[PDB]
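Novice: once you've seen the sequence and the experimental structure below, I've got questions.
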Amino acid sequence: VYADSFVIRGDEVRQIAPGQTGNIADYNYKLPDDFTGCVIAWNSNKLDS
Amino acid sequence: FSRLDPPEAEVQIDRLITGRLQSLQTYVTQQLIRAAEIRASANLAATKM
């Protein structure tokens, strides 16, 4: 098991999923097409902003 | 391959590939039946000759 962790803006949470275009999914963090795992996302407005 | 995203790109190109495999299978089956007919006719020429 591995665990990648980071924080992104809400509108970009769609780009994380496998095979998508844009700034985040092509210049910052790209998941392999053949992914096998999960993804998690919970609003952290008070903690992180 | 280009427009559709990776999760369902396959849910489409497997459709195409199995369709073309079915077309090849139909052609091959037709040829096996026709060749059997010809061989039936070919053995009526060896006997006549």
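Specialist: It's in. Numbering: from 1, shown residues only, chains lettered A, B, ... in the order given.

Novice: what's the burial count for residue A:24?
Specialist: 19 (other CB atoms under 10 Å in any protein chain shown). Any C-beta I mention is one placed from the backbone N, CA and C, and that applies to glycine too.

Novice: so it is in contact with residue A:10, correct?
Specialist: No - taking contacts as CB atoms under 8 Å, residue A:24 lies outside contact range of residue A:10: 11.7 Å.

Novice: quick one, phi psi at residue A:46?
Specialist: Main-chain torsions, residue A:46, degrees, to the nearest 10: phi -70, psi -40.

Novice: residues contacting whichever residue of chain A sits closest to chain B?
Specialist: Residue of chain A nearest chain B, by CB to the nearest CB: residue A:19 (3.5 Å). Residues in contact with residue A:19 (CB atoms under 8 Å, 6 or more residues apart in numbering or on different chains) are A:31, A:33, B:5-7.

Novice: residue A:33 versus that one, what's the distance?
Specialist: 5 Å (CB to CB, to the nearest Å).

Novice: on that earlier part again, from the contacts of residue A:19, which land in helices?
Specialist: Among the contacts of residue A:19, the residues falling in helices (DSSP state H) are B:6-7.

Novice: now render the contacts of residue A:19 as TSV, adding distance to residue B:22.
Specialist: Conversion of the contacts of residue A:19 to TSV gives the following (distance: CB to CB, whole Å):
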residue	distance to residue B:22
A:31	34
A:33	27
B:5	26
B:6	25
B:7	24
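
Novice: helix, strand, or coil at residue B:33?
Specialist: Here residue B:33 is helix, with the state taken from DSSP: H, G, I helix; E, B strand; the rest coil.

Novice: ok, and the closest non-adjacent residue to residue B:12?
Specialist: Spatial nearest neighbour of residue B:12, chain neighbours left out: residue B:4 (6.1 Å); criterion: CB to CB, 6 or more residues apart in numbering or on different chains.

Novice: so how many other residues sit close to the residue of chain B found nearest chain A?
Specialist: Ranked by CB to the nearest CB, the top residue of chain B for proximity to chain A is residue B:6, at 3.5 Å. A count of nearby residues for residue B:6, using other CB under 10 Å, gives 15.
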